[PDB]
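**Q** A single structure is presented below for examination.
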Number of protein chains: 2
Amino acid sequence: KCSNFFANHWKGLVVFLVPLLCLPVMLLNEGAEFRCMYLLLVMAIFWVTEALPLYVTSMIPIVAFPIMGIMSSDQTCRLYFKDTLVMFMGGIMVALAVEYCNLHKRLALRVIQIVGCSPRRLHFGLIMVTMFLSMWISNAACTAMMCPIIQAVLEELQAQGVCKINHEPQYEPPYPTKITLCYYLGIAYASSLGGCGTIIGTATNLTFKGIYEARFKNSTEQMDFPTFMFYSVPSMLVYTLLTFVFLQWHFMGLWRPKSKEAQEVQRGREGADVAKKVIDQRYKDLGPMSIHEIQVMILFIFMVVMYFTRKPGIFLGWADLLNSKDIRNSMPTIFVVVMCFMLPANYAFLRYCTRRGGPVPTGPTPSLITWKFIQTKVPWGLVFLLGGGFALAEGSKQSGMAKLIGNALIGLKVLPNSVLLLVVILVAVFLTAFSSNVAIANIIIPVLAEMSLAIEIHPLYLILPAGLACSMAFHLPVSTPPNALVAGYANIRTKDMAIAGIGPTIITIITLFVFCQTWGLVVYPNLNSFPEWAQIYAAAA
Amino acid sequence: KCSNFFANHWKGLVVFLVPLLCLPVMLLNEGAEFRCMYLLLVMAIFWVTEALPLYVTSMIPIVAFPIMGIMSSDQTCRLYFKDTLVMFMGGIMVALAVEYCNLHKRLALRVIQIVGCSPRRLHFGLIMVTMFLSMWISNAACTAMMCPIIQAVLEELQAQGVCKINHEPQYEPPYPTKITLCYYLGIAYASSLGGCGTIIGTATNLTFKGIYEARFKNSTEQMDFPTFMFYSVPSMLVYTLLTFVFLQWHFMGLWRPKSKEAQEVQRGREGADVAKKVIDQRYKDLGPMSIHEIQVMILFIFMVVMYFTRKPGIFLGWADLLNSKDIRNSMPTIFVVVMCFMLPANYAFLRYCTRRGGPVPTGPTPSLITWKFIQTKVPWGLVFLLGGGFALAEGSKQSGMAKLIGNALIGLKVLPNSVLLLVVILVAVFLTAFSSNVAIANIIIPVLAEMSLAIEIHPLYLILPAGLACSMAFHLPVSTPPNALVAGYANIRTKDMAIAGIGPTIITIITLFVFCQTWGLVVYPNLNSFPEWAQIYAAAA
Ligand SMILES: CCCCCCCCCCCCCCCCCCCC(=O)O[C@H](COC(=O)CCCCCCCCCCCCCC)COP(=O)(O)OCCN
Ligand SMILES: CCCCCCCCCCCCCCCCCCCC(=O)O[C@H](COC(=O)CCCCCCCCCCCCCC)COP(=O)(O)OCCN
């Protein structure tokens, strides 16, 4: 029974020991940079193990930094709540606003009518629409939005009888069937993948954009919003299609002509007509567009286009027009939220003022969304988690440990650049797979910045592939909040998820390694050589 | 039927008209100070009218200020997490932690045992314990904690047959009768009143302390933690006691024995012994004190002690001990939160494996508090409200509103100082009566500071009484959240509460006007004479 104590109490022992075990690192060496390293290491161990609730560990810098003497208490508390975080919160709130009026259901059904009711065509349509959705909102919001539609469509096919929701016929909740697992893992993976396309979709893009633009004010290259799309989208398409093919083969016998599941998908092909009838009758059941949905759509489109035109390459941009003070992208999303609270819902009140119509509303007209709804659904804990990364970045920069570790990693000079790039990709993936993506990106990026400063490489040549690499996380439930939500709301098991995750990782390293060296040259032909403006920085350091 | 239109849809009209109607303010006068004036006025009129939800309107500065050119967008978002805010949020969290383990029940029952069980003594005991609890934590959490205890007690008395909580069946929610009205209003008023006690009682104290420290740094006086308590406590005891007496007279038949309420109280006196049996039997039912409660109590006391002495003082100032960089009071509360997450609940597991006596737990022991609980209880909206208040204060200082309005009120020098102080108190209370406290403090403090600079009057002499008075709100449900919670919990017709408000307002005004002039001179010696360091700023302006 001495083993059972280890079985049911392992989470506590790690908390008790790890600070004590790692205590000597401060004591032996002198500089407070070692104290910063101690804090970073212990916080990382808590993150990866999930001994404490994941959010609460991010609070530690508040007590740590003033005691360690690294940074003043007032500034450290200030660093959490920055404009990017406001953008992210506004995005989540407007996504809930979309969810309120059921518009996503209509969009899904319309796409289904477009594609048809064949099983593989169904899967392809869902993957593509999920990618398109997640290109421009929060990933956790995207998957939470889309999942109930998924449950509805497979329970409709349950009424059809082609598939089974749970692998066992209810024999802990029962294991889901291969088909259901395929659908849920597909939506999760596509949701995660979509972030790489656009700056706005996932916070990691914003974080390393901020880090790079902070370190080098004098960079000739710009990392512009249209150019970021031009770099990102082709690879995005290639590996999302490859992930589709791999997932289809792994679960449904796509390229295996003979399988028991192949008979199942052929049977699903047989009942195409009845599925078409249930789908188009179901669409008919929704009814014509209400106004409510119409202005929701208008606000969403306005928000996206208003992001697009903030000093773009082709256009002058409104930011230059309103050059009174520097305005970030936080303004449009909050503008949308406030208006979404202002505007009415049905406009029936207009009947009394001028119209001859009969009906008149009895009470106050409800607005688009109600604060009672917003409080319950949004995951408020994310603010601390996002703030922790900024706190760590600022602390590491001011304490100077980044310079120490960068000058420590100086032996890599002998290697040719391409193999160094491969090593960078591999280490970035390995680090990401064990925590939240934003935190890992904030840890990793500055030391590579200083490394490139030292080992005479153009910095962006490593920074951009690294930042793109930080996004993927495919085989840990704790790795990425969309994966956590998909673990919820369903009965997926960790081992099967991990073994399914082997494909997309291999695919994404291969495709980044291939397209970076080729496409970036077209995007930037100066990455290979070392520019003079960076030589000035090197001389400065 | 057009009467029904204005009766039902006025909230939309105010939103549509007021921003448009108040437009000429910026058009007629060129200075950006008037733009800031317009912003402040429209925000305030939205606040008082409650057309929009209270929280959402405070978002407006982060969109208005970057466009209007007063201050950059980055700074505005930075203001929303000044350390006082995280201190307040942590205070709410630890209050929930106390709530989780039923400590308040034990405290209330013990105090009831100490005082007695006669009706008037019962009411007095509840009032005193409510005040003592609200001494240290946020007011909304305090009243939300204390509310169901009163429900239980009145249910007990209903079982005894002394009185009925409901007024009458069918004379829409039922009307409450006198006794329950008295009890609930006592709870609300006592909570709000005792919140005035110390620095940590309510966000207004933190707000105006921070403003005073920011505007003036060379001043002799400091308003550290002990001195504020010394200035405040003697007054709060007096007006709390007088409030108790007034509530006894108005609702409970104190001095009028030839009244119907006198006979019911007399009937209550005979049955006091049976109620004593019920009370102490119920206390016996609750059982002995567990380790859980002991731990949470130790953490609470440790937190308050760290506040008391760590900051500069005669004995054992730990801030002096760790003075590499200045550390504020944010550390202890977040320390308590994270520590409260770390510790276990039972200790049976660890001790039992070594001890070998007693059952082995079959699962991991839960921590003191669970993030699921924190998710659904904290009023997360308060962050935006406090941020809006801070933003308004900073913007008014930056743009030049304060200097203009202070110079505009230059004429008030003719009146004697006591009369001026009385006018300040009266106007402060009247403005507090409309909207939330922290907003009024933010609007009022800076203009008073600049005016007192102009009139050559020691600024503390006015700023402290006004800051104390801003807490006092006793009339309308929108004025302060505890009133809303009470009115919602048991339906209260606002007419009765408004009528009952006439007592505490008069009592508080009189006792403040007397006790300031008496006690402040003792605690602060030089208030009457204008100090030289203020004259330096006077020449600076
Ligand atoms: C100068 C730099 C400063 C940096 C500061 C950074 C912030 C703070 C960092 C940490 C500081 C030390 C904190 C120590 C906390 C110990 C918690 C022990 C919890 C515990 O007993 O867990 C059990 C195993 O540990 C054990 O068996 C533990 C053995 C010892 C138990 C007795 C502990 C007594 C209390 C010690 C704290 C001081 C007094 C507080 C009143 C397993 O239990 P489980 O599996 O059920 O866990 C379920 C999850 N909770
Ligand atoms: C060159 C000058 C530049 C100046 C710049 C500075 C000033 C800028 C000011 C911007 C103000 C924007 C205001 C937008 C909202 C207007 C108010 C609408 C209120 C409303 O719906 O009222 C209804 C009653 O009818 C009414 O109140 C009757 C009027 C209805 C008007 C409808 C307007 C529709 C606008 C277009 C909407 C669709 C497109 C959106 C992009 C419902 O009132 P209620 O009380 O029942 O409900 C209240 C919510 N629960």
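Residues are referred to by chain and number: the chain letter is A, B, ... according to the order shown in the structure tokens, the number counts from 1 in that chain, and ligands are numbered separately from 1 in the order shown.
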Would you list the contacts of stretch 185-194 of chain B as a list in words, taking every protein, DNA or RNA residue within 8 Å and counting only C-alpha atoms, but skipping same-chain residues closer than 3 positions in sequence?
**A** residues 126, 127, 130, 131, 132, 134, 135, 139, 142, 143, 146, 147, 181, 182, 197, 201, 236, 240, 244, 247, 471, 472, 473, 474, 482, 483, 486 and 497 of chain B
**Q** Keeping only N, CA, C and O atoms, take the residues you just selected and write them out as an mmCIF file, in the first residue's frame.
**A**
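Result written to result.cif:
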```cif
data_model
loop_
_atom_site.group_PDB
_atom_site.id
_atom_site.type_symbol
_atom_site.label_atom_id
_atom_site.label_comp_id
_atom_site.auth_asym_id
_atom_site.auth_seq_id
_atom_site.Cartn_x
_atom_site.Cartn_y
_atom_site.Cartn_z
ATOM 1 N N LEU B 126 -26.327 41.421 15.856
ATOM 2 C CA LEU B 126 -26.140 41.287 14.413
ATOM 3 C C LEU B 126 -25.493 42.532 13.824
ATOM 4 O O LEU B 126 -24.592 42.431 12.981
ATOM 5 N N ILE B 127 -25.930 43.713 14.259
ATOM 6 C CA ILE B 127 -25.349 44.941 13.725
ATOM 7 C C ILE B 127 -23.856 44.998 14.022
ATOM 8 O O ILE B 127 -23.037 45.285 13.137
ATOM 9 N N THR B 130 -21.813 42.493 11.968
ATOM 10 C CA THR B 130 -21.732 42.920 10.577
ATOM 11 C C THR B 130 -20.689 44.011 10.409
ATOM 12 O O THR B 130 -19.881 43.978 9.473
ATOM 13 N N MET B 131 -20.690 44.986 11.318
ATOM 14 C CA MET B 131 -19.701 46.053 11.240
ATOM 15 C C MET B 131 -18.290 45.501 11.365
ATOM 16 O O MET B 131 -17.390 45.884 10.603
ATOM 17 N N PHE B 132 -18.078 44.587 12.310
ATOM 18 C CA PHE B 132 -16.733 44.062 12.505
ATOM 19 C C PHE B 132 -16.252 43.304 11.278
ATOM 20 O O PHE B 132 -15.084 43.417 10.895
ATOM 21 N N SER B 134 -17.267 43.803 8.111
ATOM 22 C CA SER B 134 -17.010 44.740 7.026
ATOM 23 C C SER B 134 -15.810 45.629 7.293
ATOM 24 O O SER B 134 -15.389 46.354 6.388
ATOM 25 N N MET B 135 -15.275 45.612 8.513
ATOM 26 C CA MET B 135 -14.077 46.394 8.803
ATOM 27 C C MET B 135 -12.918 46.049 7.869
ATOM 28 O O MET B 135 -12.122 46.926 7.519
ATOM 29 N N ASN B 139 -17.333 45.552 0.775
ATOM 30 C CA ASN B 139 -18.688 45.671 1.299
ATOM 31 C C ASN B 139 -19.643 44.690 0.632
ATOM 32 O O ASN B 139 -20.459 44.052 1.311
ATOM 33 N N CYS B 142 -19.181 41.293 1.919
ATOM 34 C CA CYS B 142 -19.613 41.201 3.308
ATOM 35 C C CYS B 142 -21.122 41.030 3.407
ATOM 36 O O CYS B 142 -21.612 40.143 4.117
ATOM 37 N N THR B 143 -21.880 41.865 2.700
ATOM 38 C CA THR B 143 -23.330 41.748 2.801
ATOM 39 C C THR B 143 -23.830 40.463 2.154
ATOM 40 O O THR B 143 -24.765 39.830 2.666
ATOM 41 N N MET B 146 -23.354 37.870 4.758
ATOM 42 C CA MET B 146 -24.191 37.950 5.947
ATOM 43 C C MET B 146 -25.666 37.722 5.667
ATOM 44 O O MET B 146 -26.416 37.448 6.608
ATOM 45 N N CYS B 147 -26.102 37.834 4.413
ATOM 46 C CA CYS B 147 -27.539 37.827 4.139
ATOM 47 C C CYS B 147 -28.265 36.558 4.582
ATOM 48 O O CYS B 147 -29.251 36.677 5.329
ATOM 49 N N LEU B 181 -37.972 44.221 7.313
ATOM 50 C CA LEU B 181 -37.454 45.443 6.724
ATOM 51 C C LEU B 181 -36.377 46.037 7.617
ATOM 52 O O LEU B 181 -35.291 46.404 7.151
ATOM 53 N N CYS B 182 -36.655 46.094 8.919
ATOM 54 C CA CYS B 182 -35.688 46.606 9.879
ATOM 55 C C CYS B 182 -34.409 45.791 9.850
ATOM 56 O O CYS B 182 -33.308 46.345 9.783
ATOM 57 N N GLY B 197 -14.359 52.473 7.872
ATOM 58 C CA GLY B 197 -13.393 52.392 8.949
ATOM 59 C C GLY B 197 -11.934 52.585 8.594
ATOM 60 O O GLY B 197 -11.333 53.581 8.995
ATOM 61 N N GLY B 201 -11.169 49.157 3.763
ATOM 62 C CA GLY B 201 -12.594 48.882 3.846
ATOM 63 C C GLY B 201 -13.297 48.966 2.506
ATOM 64 O O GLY B 201 -14.145 48.134 2.183
ATOM 65 N N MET B 236 -16.666 56.270 13.842
ATOM 66 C CA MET B 236 -17.521 55.213 13.320
ATOM 67 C C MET B 236 -18.288 54.535 14.439
ATOM 68 O O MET B 236 -19.463 54.188 14.262
ATOM 69 N N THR B 240 -22.376 54.549 14.249
ATOM 70 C CA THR B 240 -22.995 53.231 14.216
ATOM 71 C C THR B 240 -23.997 53.074 15.349
ATOM 72 O O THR B 240 -25.121 52.597 15.144
ATOM 73 N N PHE B 244 -28.094 52.550 15.134
ATOM 74 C CA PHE B 244 -28.838 51.482 15.792
ATOM 75 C C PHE B 244 -30.033 52.051 16.544
ATOM 76 O O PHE B 244 -31.155 51.538 16.441
ATOM 77 N N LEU B 247 -32.824 53.224 14.048
ATOM 78 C CA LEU B 247 -33.579 52.103 13.496
ATOM 79 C C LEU B 247 -34.484 51.480 14.544
ATOM 80 O O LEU B 247 -35.587 51.023 14.224
ATOM 81 N N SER B 471 -18.162 57.786 1.093
ATOM 82 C CA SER B 471 -18.632 56.429 1.337
ATOM 83 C C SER B 471 -20.104 56.411 1.722
ATOM 84 O O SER B 471 -20.829 55.470 1.388
ATOM 85 N N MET B 472 -20.563 57.444 2.420
ATOM 86 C CA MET B 472 -21.905 57.472 2.997
ATOM 87 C C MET B 472 -22.950 57.590 1.896
ATOM 88 O O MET B 472 -23.087 58.637 1.264
ATOM 89 N N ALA B 473 -23.697 56.515 1.664
ATOM 90 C CA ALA B 473 -24.803 56.520 0.718
ATOM 91 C C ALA B 473 -25.926 55.670 1.286
ATOM 92 O O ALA B 473 -25.695 54.523 1.674
ATOM 93 N N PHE B 474 -27.137 56.223 1.335
ATOM 94 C CA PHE B 474 -28.184 55.581 2.117
ATOM 95 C C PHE B 474 -29.566 55.617 1.479
ATOM 96 O O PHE B 474 -30.541 55.263 2.152
ATOM 97 N N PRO B 482 -24.498 47.146 -2.169
ATOM 98 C CA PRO B 482 -25.218 46.453 -1.090
ATOM 99 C C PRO B 482 -26.709 46.722 -1.066
ATOM 100 O O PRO B 482 -27.492 45.805 -0.781
ATOM 101 N N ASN B 483 -27.128 47.951 -1.365
ATOM 102 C CA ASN B 483 -28.556 48.233 -1.424
ATOM 103 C C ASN B 483 -29.231 47.399 -2.502
ATOM 104 O O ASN B 483 -30.329 46.871 -2.293
ATOM 105 N N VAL B 486 -29.573 43.787 -1.257
ATOM 106 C CA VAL B 486 -30.625 43.632 -0.260
ATOM 107 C C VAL B 486 -31.997 43.714 -0.912
ATOM 108 O O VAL B 486 -32.871 42.877 -0.663
ATOM 109 N N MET B 497 -37.286 52.441 1.759
ATOM 110 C CA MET B 497 -35.862 52.653 1.978
ATOM 111 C C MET B 497 -35.507 54.128 1.875
ATOM 112 O O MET B 497 -34.715 54.645 2.674
#
```
**Q** May I have the residues within 8 Å of ligand 1, computed using only C-alpha atoms and all ligand atoms, as a PyMOL selection string?
**A** (chain A and resi 8-17+19+51-52+60+63-64+67-68) or (chain B and resi 295+298-299+335+338-339+341-345+347+349-350+364-367)
**Q** Compare A:24, A:195, A:411, A:361 by their minimum atom-to-atom distance to ligand 2, counting only C-alpha atoms and all ligand atoms, and give me the closest one.
**A**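 Among the listed residues, A:361 lies closest to ligand 2.
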**Q** From the options B:22, B:179, B:405, B:32, which residue's atoms come nearest to ligand 2, counting only C-alpha atoms and all ligand atoms?
**A**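 Looking only at the distances to ligand 2, the closest residue turns out to be B:22.
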**Q** Using Å and a single decimal, report how far atom CA of residue A:205 sits from atom CA of residue A:443.
**A**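 Between these atoms lies a distance of 13.9 Å.
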**Q** A:370, A:207, A:222, A:263: which is nearest ligand 2, counting only C-alpha atoms and all ligand atoms?
**A** A:370
**Q** Given only C-alpha atoms, how would the per-residue table for chain B near chain A read, listing every residue at most 6 Å away with its closest atom pair and distance in Å to one decimal, sorted by chain and number, as a tab-separated table?
**A**
```
residue	atom	partner	partner_atom	distance
B:8	CA	A:364	CA	5.8
B:63	CA	A:331	CA	5.1
B:66	CA	A:327	CA	5.9
B:69	CA	A:324	CA	5.5
B:72	CA	A:325	CA	5.3
B:73	CA	A:327	CA	5.4
B:77	CA	A:83	CA	5.8
B:78	CA	A:82	CA	5.9
B:81	CA	A:78	CA	5.7
B:82	CA	A:78	CA	5.9
B:83	CA	A:77	CA	5.7
B:324	CA	A:69	CA	5.5
B:325	CA	A:72	CA	5.5
B:327	CA	A:73	CA	5.3
B:331	CA	A:63	CA	5.1
B:363	CA	A:8	CA	5.9
B:364	CA	A:8	CA	5.4
```
**Q** Tell me which of B:35, B:397, B:250, B:475 sits closest to ligand 2, counting only C-alpha atoms and all ligand atoms.
**A** B:35
**Q** Write out as JSON, numbers by chain the residues lying within 12 Å of residue B:307, counting only C-alpha atoms and excluding same-chain residues fewer than 3 positions away.
**A** {"B": [87, 136, 198, 199, 200, 224, 225, 226, 300, 301, 302, 303, 304, 310, 311, 312, 313, 316, 317, 318, 319, 328, 329, 330, 331, 332, 333]}
**Q** Using N, CA, C and O atoms, can you write the selected residues to a file as a compact mmCIF listing (two decimals), in the first residue's frame?
**A**
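Final file, selection36.txt:
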```txt
# COMPACT_ATOMS: atom_id res chain seq x y z
N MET B 87 -5.04 44.27 -5.37
CA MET B 87 -5.23 44.11 -3.93
C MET B 87 -6.70 43.90 -3.60
O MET B 87 -7.06 43.01 -2.82
N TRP B 136 -12.79 44.79 7.46
CA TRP B 136 -11.59 44.35 6.76
C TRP B 136 -11.78 43.97 5.30
O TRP B 136 -10.79 43.93 4.56
N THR B 198 -11.35 51.67 7.85
CA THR B 198 -9.91 51.67 7.61
C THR B 198 -9.61 51.93 6.14
O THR B 198 -10.50 52.22 5.34
N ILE B 199 -8.33 51.82 5.80
CA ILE B 199 -7.90 52.04 4.43
C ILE B 199 -8.49 50.98 3.51
O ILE B 199 -8.94 51.28 2.39
N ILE B 200 -8.52 49.73 3.97
CA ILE B 200 -8.88 48.60 3.11
C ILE B 200 -10.38 48.38 3.02
O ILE B 200 -10.83 47.51 2.26
N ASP B 224 -0.42 56.94 6.70
CA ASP B 224 -0.08 55.52 6.74
C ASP B 224 -1.23 54.73 7.36
O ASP B 224 -2.25 55.28 7.77
N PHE B 225 -1.04 53.41 7.44
CA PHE B 225 -2.12 52.54 7.90
C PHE B 225 -2.59 52.85 9.31
O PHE B 225 -3.81 52.94 9.52
N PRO B 226 -1.72 53.01 10.32
CA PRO B 226 -2.25 53.22 11.68
C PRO B 226 -2.95 54.55 11.88
O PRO B 226 -4.01 54.61 12.51
N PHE B 300 -5.96 34.55 7.69
CA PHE B 300 -6.58 35.87 7.74
C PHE B 300 -5.84 36.79 8.71
O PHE B 300 -5.50 37.94 8.38
N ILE B 301 -5.56 36.28 9.91
CA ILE B 301 -4.88 37.09 10.92
C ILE B 301 -3.48 37.45 10.44
O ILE B 301 -3.00 38.57 10.65
N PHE B 302 -2.80 36.50 9.80
CA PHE B 302 -1.46 36.78 9.31
C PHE B 302 -1.48 37.89 8.27
O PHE B 302 -0.61 38.77 8.27
N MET B 303 -2.48 37.87 7.39
CA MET B 303 -2.62 38.92 6.38
C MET B 303 -2.79 40.28 7.03
O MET B 303 -2.09 41.25 6.68
N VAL B 304 -3.71 40.39 7.99
CA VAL B 304 -3.95 41.71 8.58
C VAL B 304 -2.72 42.18 9.35
O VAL B 304 -2.39 43.37 9.34
N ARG B 310 4.34 45.78 8.62
CA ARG B 310 5.38 45.71 7.60
C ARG B 310 5.68 47.09 7.02
O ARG B 310 6.85 47.44 6.81
N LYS B 311 4.64 47.88 6.76
CA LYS B 311 4.83 49.23 6.29
C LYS B 311 5.49 50.07 7.39
O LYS B 311 5.42 49.71 8.57
N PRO B 312 6.17 51.17 7.01
CA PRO B 312 6.94 51.96 7.98
C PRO B 312 6.24 52.23 9.30
O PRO B 312 5.17 52.84 9.35
N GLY B 313 6.85 51.75 10.38
CA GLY B 313 6.30 51.88 11.72
C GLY B 313 7.40 51.68 12.74
O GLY B 313 8.55 51.42 12.40
N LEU B 316 9.30 46.49 13.73
CA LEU B 316 9.43 45.39 12.76
C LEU B 316 8.73 45.71 11.44
O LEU B 316 7.75 45.07 11.04
N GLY B 317 9.25 46.72 10.76
CA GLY B 317 8.79 47.03 9.42
C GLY B 317 9.52 46.20 8.38
O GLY B 317 10.67 46.50 8.04
N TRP B 318 8.87 45.16 7.86
CA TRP B 318 9.54 44.27 6.92
C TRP B 318 9.81 44.96 5.58
O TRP B 318 10.71 44.56 4.85
N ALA B 319 9.03 45.99 5.25
CA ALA B 319 9.33 46.79 4.06
C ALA B 319 10.69 47.46 4.19
O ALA B 319 11.43 47.57 3.21
N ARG B 328 4.87 47.58 -2.33
CA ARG B 328 3.58 48.06 -1.85
C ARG B 328 2.91 46.95 -1.04
O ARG B 328 3.53 45.96 -0.67
N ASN B 329 1.62 47.13 -0.75
CA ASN B 329 0.85 46.17 0.04
C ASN B 329 0.24 45.06 -0.80
O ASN B 329 -0.55 44.27 -0.27
N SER B 330 0.54 45.01 -2.10
CA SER B 330 -0.05 43.98 -2.95
C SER B 330 0.42 42.59 -2.56
O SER B 330 -0.31 41.61 -2.75
N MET B 331 1.63 42.48 -2.03
CA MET B 331 2.22 41.17 -1.78
C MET B 331 1.42 40.31 -0.81
O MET B 331 1.17 39.13 -1.13
N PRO B 332 1.00 40.79 0.37
CA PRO B 332 0.35 39.87 1.32
C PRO B 332 -0.90 39.20 0.81
O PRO B 332 -1.09 38.00 1.06
N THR B 333 -1.77 39.91 0.11
CA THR B 333 -3.06 39.32 -0.26
C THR B 333 -2.88 38.22 -1.30
O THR B 333 -3.43 37.12 -1.15
```
**Q** Which of these residues is nearest to ligand 2, using only C-alpha atoms and all ligand atoms: B:99, B:50, B:285, B:156?
**A**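 Counting only C-alpha atoms and all ligand atoms, the residue closest to ligand 2 is B:50.
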**Q** Do a neighbour search on residue A:297 at 12 Å with only C-alpha atoms, toss out local chain neighbours closer than 5 positions, and write the hits as a list in words.
**A**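 Near neighbours after the sequence-gap exclusion: residues 94, 95, 97, 98, 99, 101, 102, 103, 104, 107, 289, 290, 291, 292, 302, 303, 304, 336 and 340 of chain A.
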**Q** Mind checking which residues fall within 8 Å of residue A:252, counting only C-alpha atoms, ignoring those fewer than 3 positions away in the same chain, and posting them as a PDB file with C-alpha atoms, in the first residue's frame?
**A**
```
ATOM      1  CA  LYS A 178     -13.619   6.072 -34.116  1.00  0.00           C
ATOM      2  CA  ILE A 179     -15.859   8.327 -36.215  1.00  0.00           C
ATOM      3  CA  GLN A 248      -9.004  10.472 -42.808  1.00  0.00           C
ATOM      4  CA  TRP A 249      -6.610   7.588 -43.443  1.00  0.00           C
ATOM      5  CA  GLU A 261     -14.813   0.947 -41.623  1.00  0.00           C
ATOM      6  CA  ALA A 262     -14.714   1.106 -45.430  1.00  0.00           C
ATOM      7  CA  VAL A 265     -18.466   4.628 -45.116  1.00  0.00           C
TER       8      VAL A 265
END
```
**Q** Using only C-alpha atoms and all ligand atoms for the distances, tell me which of A:296, A:541, A:233, A:383 is nearest to ligand 2.
**A**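 That would be A:296, the residue with the smallest distance to ligand 2.
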**Q** Which value, in Å to one decimal, gives the distance between atom CA of residue B:540 and atom CA of residue B:31?
**A**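 The value is 22.1 Å.
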**Q** Report, in Å with one decimal, the straight-line distance from atom CA of residue B:416 to atom CA of residue B:446.
**A**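 Computing the Euclidean distance for atom CA of residue B:416 and atom CA of residue B:446 yields 21.8 Å.
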**Q** I'd like the neighbourhood of residue B:157 as number ranges by chain, where a residue qualifies if any of its atoms comes within 12 Å (using only C-alpha atoms), though same-chain residues fewer than 3 positions away should be ignored.
**A** B: 117-119, 122, 150-154, 160-165, 179-180, 268, 271-272, 274-276, 278-279
**Q** From the DSSP assignment of the backbone, select every residue of stretch 253-471 of chain B that is alpha helix (DSSP H), and format the answer as a ChimeraX atom specification.
**A** /B:260-270,272-286,291-309,318-321,330-342,348-355,371-375,382-399,401-408,417-432,437-454,459-470
**Q** With a distance cut-off of 9 Å and only C-alpha atoms, select the neighbouring residues of residue B:469, excluding the residue or stretch itself and same-chain residues fewer than 3 positions from it, and output the selection as an NGL selection string.
**A** :B and (196 or 425-426 or 428-429 or 432 or 464-466 or 472-473 or 508-509 or 512)
